[PDB]
Q: 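The structure that follows is given in the form of structure tokens.
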Amino acid sequence: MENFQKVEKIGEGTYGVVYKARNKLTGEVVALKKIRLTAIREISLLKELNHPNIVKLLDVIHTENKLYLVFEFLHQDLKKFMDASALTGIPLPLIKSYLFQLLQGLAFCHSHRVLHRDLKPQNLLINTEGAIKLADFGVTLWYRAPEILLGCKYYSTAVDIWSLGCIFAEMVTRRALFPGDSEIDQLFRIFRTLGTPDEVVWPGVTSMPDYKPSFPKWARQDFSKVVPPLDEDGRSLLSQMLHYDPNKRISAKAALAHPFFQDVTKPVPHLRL
Ligand SMILES: COc1cc[nH]c1/C=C1\C(=O)Nc2ccc(F)c(C#C[C@@H](O)[C@@H](N)[C@@H](C)O)c21
């Protein structure tokens, strides 16, 4: 750990603080996650999870009551980019590219039974090359899947698809889709837009740990009202990413074959660093 010089604090990650740091021998600029404290075996496996759309775990340093994770560094997160793009909005071709690449990263994760669990614009990283990467995996509730909010203990890869749908919508409209500030408010914001789920659209839902028969019964809103000005292909894909039933929610693999991605390209973003 004495091999690393702090450049600056990036922020709080899931299990500790992330810093931009430099390796004193090589000169490598990295993102160093300091975890404060079988997990060692779990992380060892994460090091093998290599993909162009996953931030590279370079090294794991287990020294003391201390665990440091040395990751690849990227210059910007998607939230910052969205914020900087808020006057014009991110161009649709760039939205489409970012969505497509994230679905590739997730299809890869998911094929290895690895879930992200906490996808949000603040943990999606971009570079000048036009790439976007999944990071900070292996409180904001805005992106949480409804099965989690309803107390599912053993949730599935479908949770990441839900989160990515919310992010997709947000890139298009320049507004957070479901900006809740408590679990119930989050849940009720979802219910008010998509309709209160019942046994018809989500078999099993009334059986969930925190489902209450006494939940208000709201009607589904018209979907063309939710994400203007997204085209029919985009709205169709989004609706499949936001299905209530986790088992009917589209997989990352199937989403990549959606007609929305017929004309996908890889634009370069204009980043001010
Ligand atoms: C604000 O986040 C930025 C901006 C540039 N890079 C990052 C983050 C990481 C980077 O470059 N490599 C990484 C490897 C594992 C990582 F977990 C990260 C990360 C992250 C973030 O979720 C938190 N540090 C923030 C949101 O508070 C990063």
Side-chain angles (χ1 to χ4, degrees), residues 1 3-23 26-37 39-40 42-62 66-86 90 94 98 101-102 104-106 108-109 112 114-145 148 159-160 162-164 166-167 170-171 176 179 181 268-273:
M1 199 31 44
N3 299 94
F4 297 94
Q5 166 219 190
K6 183 224 200 175
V7 173
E8 73 173 297
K9 186 170 164 274
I10 296 179
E12 226 85 350
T14 300
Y15 304 108
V17 193
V18 185
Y19 305 83
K20 190 189 180 173
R22 184 176 302 104
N23 186 329
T26 167
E28 221 169 11
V29 166
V30 296
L32 186 81
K33 187 178 240 239
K34 299 189 171 134
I35 290 184
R36 203 160 345 170
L37 313 154
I40 329 293
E42 182 87 44
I43 302 309
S44 295
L45 293 206
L46 178 71
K47 204 144 73 270
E48 286 197 295
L49 191 79
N50 298 127
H51 184 92
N53 304 110
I54 303 177
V55 71
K56 194 178 175 37
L57 177 55
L58 299 165
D59 274 306
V60 175
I61 298 160
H62 186 16
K66 291 288 238 283
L67 183 60
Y68 310 90
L69 305 185
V70 196
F71 283 99
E72 154 191 33
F73 174 75
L74 281 84
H75 283 77
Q76 203 154 271
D77 62 289
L78 184 58
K79 181 44 163 121
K80 226 202 125 151
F81 184 55
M82 280 164 11
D83 288 346
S85 288
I90 304 170
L94 191 51
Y98 279 171
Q101 285 179 64
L102 293 169
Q104 289 180 264
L106 283 179
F108 185 77
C109 290
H112 287 99
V114 167
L115 349 188
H116 186 295
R117 303 168 194 274
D118 197 20
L119 266 192
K120 51 202 169 171
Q122 310 96 283
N123 58 40
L124 293 175
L125 314 180
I126 57 178
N127 63 25
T128 53
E129 249 52 271
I132 186 156
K133 310 196 183 194
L134 298 157
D136 206 351
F137 72 111
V139 185
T140 298
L141 303 172
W142 296 1
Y143 312 95
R144 263 204 207 167
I148 292 170
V159 301
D160 291 336
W162 176 279
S163 301
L164 187 61
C166 295
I167 293 163
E170 191 170 341
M171 283 190 280
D181 72 338
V268 296
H270 180 48
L271 299 198
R272 177 58 191 252
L273 308 169

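Along the sequence shown, the residues carry numbers beginning at 1. Worth knowing before you read on, the calculation uses all heavy atoms, side chains too, and leaves out hydrogens, waters and symmetry mates. First listed ligand is number 1; within each ligand, the first listed atom is number 1.
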Q: Between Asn23 (side chain only) and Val29 (backbone N and O only), is there a donor and an acceptor less than 3.5 Å apart?
A: no
Q: Around atom NZ of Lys66, are there more than 12 heavy atoms from other residues, nucleotides or ligands closer than 6.0 Å?
A: no
Q: Give the protein residues with at least one non-hydrogen atom closer than 4.0 Å to an atom of ligand 1, ordered by chain and number.
A: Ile10, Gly11, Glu12, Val18, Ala31, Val55, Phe71, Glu72, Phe73, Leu74, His75, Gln76, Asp77, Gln122, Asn123, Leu125, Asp136
Q: Kindly indicate whether the side chain of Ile167, heavy atoms from C-beta on, has any atom under 4.5 Å from the side chain of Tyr143.
A: yes
Q: Do the charged groups of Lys120 and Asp136 touch, with an N to O distance under 4.0 Å?
A: no
Q: Is the count of non-hydrogen atoms from other residues, nucleotides or ligands lying under 6.0 Å from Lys20 atom NZ greater than 12?
A: yes
Q: A cation-pi test, strictly: NZ or CZ of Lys33 under 6.0 Å from the centre of the six-membered ring of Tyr15 and no more than 45 degrees from its axis. Yes or no?
A: no
